[PDB]
Amino acid sequence: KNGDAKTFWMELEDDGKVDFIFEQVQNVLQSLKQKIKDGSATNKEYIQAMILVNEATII
Amino acid sequence: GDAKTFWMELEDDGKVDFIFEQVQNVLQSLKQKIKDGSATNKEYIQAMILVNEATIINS
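- Deposited coordinates in this entry are attributed by the record to X-ray crystallography, at a stated resolution of 2.00 Å.

- The PDB entry lists chain B under the name Histone-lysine N-methyltransferase SETDB2, with Homo sapiens given as the organism.
- The record for the entry shows the title "Crystal Structure of the SETDB2 Amino Terminal Domain".

- In the nomenclature of the PDB entry, chain A is known as Histone-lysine N-methyltransferase SETDB2 of Homo sapiens.

### Re the overall build of chain A
- Regarding its fold elements, chain A presents three helices and zero strands.
- Computed over the C-alpha atoms, the radius of gyration of chain A is 15 Å, more than 25% above the 10 Å expected from 2.2 N^0.38 for a compact globule of 59 residues.
- Projected onto the principal axes, the alpha-carbon positions of chain A cover approximately 45 × 25 × 20 Å.
- Out of the 59 residues belonging to chain A, those deemed buried represent 39%.
- Counting every atom, chain A has about 3500 Å² of accessible surface; 50% of that belongs to carbon and sulfur.
- Separation of charge centres in chain A, based on 7 positive and 10 negative side chains, amounts to 7 Å.

### Examining the side chain of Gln-48 of chain A
- Along the polypeptide, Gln-48 of chain A turns up in helix α3 (residues 43-56).
- Its relative accessible area of 5% is what places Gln-48 of chain A among the buried residues.

### Considering the pattern of salt bridges
- The full count for this structure, using the stated rule, is seven salt bridges over all chains.
- The partner of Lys-17 of chain A in a salt bridge is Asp-15 of chain A, with the nearest N and O atoms 2.9 Å apart.
- Look at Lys-17 of chain A and you get partly exposed, because its relative accessible area is 34%.
- Across the pair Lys-35 of chain A and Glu-45 of chain A runs a salt bridge, and its minimum N-O distance is 2.7 Å. Linking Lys-35 of chain A in helix α2 (residues 18-38) with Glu-45 of chain A in helix α3, this pair joins segments that are 10 residues apart in sequence.
- Classification of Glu-45 of chain A as buried rests on a relative accessible area of 14%.
- Within the structure, one salt-bridge network assembled from shared partners comprises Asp-19 of chain A together with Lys-31 and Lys-35 of chain B.

### Remarks on unusual backbone geometry
- At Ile-59 of chain A, a position not held by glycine, the phi torsion is positive, near 55°.
- Within the secondary structure, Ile-59 of chain A is located in the segment after α3.
- By relative accessible area, which is 67% here, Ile-59 of chain A ends up exposed.
- Residues other than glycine seldom take positive phi values, yet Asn-58 of chain B does so here, at roughly 60°.
- By the element assignment, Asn-58 of chain B lies in the segment after α3 (41-55).

The rules behind the values
- Residues numbered from 1 in each chain as written, not as in the entry; some residues may be left out.
- Chains lettered and ligands numbered in written order.
- Heavy atoms only, no water.
- Helix = DSSP H or I, 4+ residues; strand = E, 2+ residues; numbered from the N terminus.
- Rg over C-alpha atoms; globule rule 2.2 N^0.38 Å.
- Buried < 20%, exposed > 50% of the residue type's maximum accessible area, 1.4 Å probe, protein only.
- Areas by Shrake-Rupley, 256 points an atom, 1.4 Å probe, with all protein chains shown as cover.
- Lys, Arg positive; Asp, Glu negative; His and termini not counted.
- Charge placed at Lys NZ, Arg CZ, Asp CG, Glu CD.
- Salt bridge = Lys/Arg side-chain N within 4 Å of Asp/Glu carboxyl O.

In structure tokens, the structure reads:
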């Protein structure tokens, strides 16, 4: 099929995994948020959360 | 660009919940446009980048 990002997402839907993958992303974000508010986040988790925020939203 | 400083400032300012809500809104929107088939190329790519930054990084 087409060589683009849409093709992957249509394959993923045919695989029945779209809700699943978004749930995993949502679980990771929740975990990062809790660790940051708790003060237990590692350096790599602070970095990961910063990068995710900046990819989703302006600043 | 220091990620600890980034989050410390947000946390001290009381904005951590707000930033994560905004990310969650973007995710829910992307997910729905992918399932509706209304997403653009850039949105399919953005969704994929978020998935990989959340699930491959620090896995």
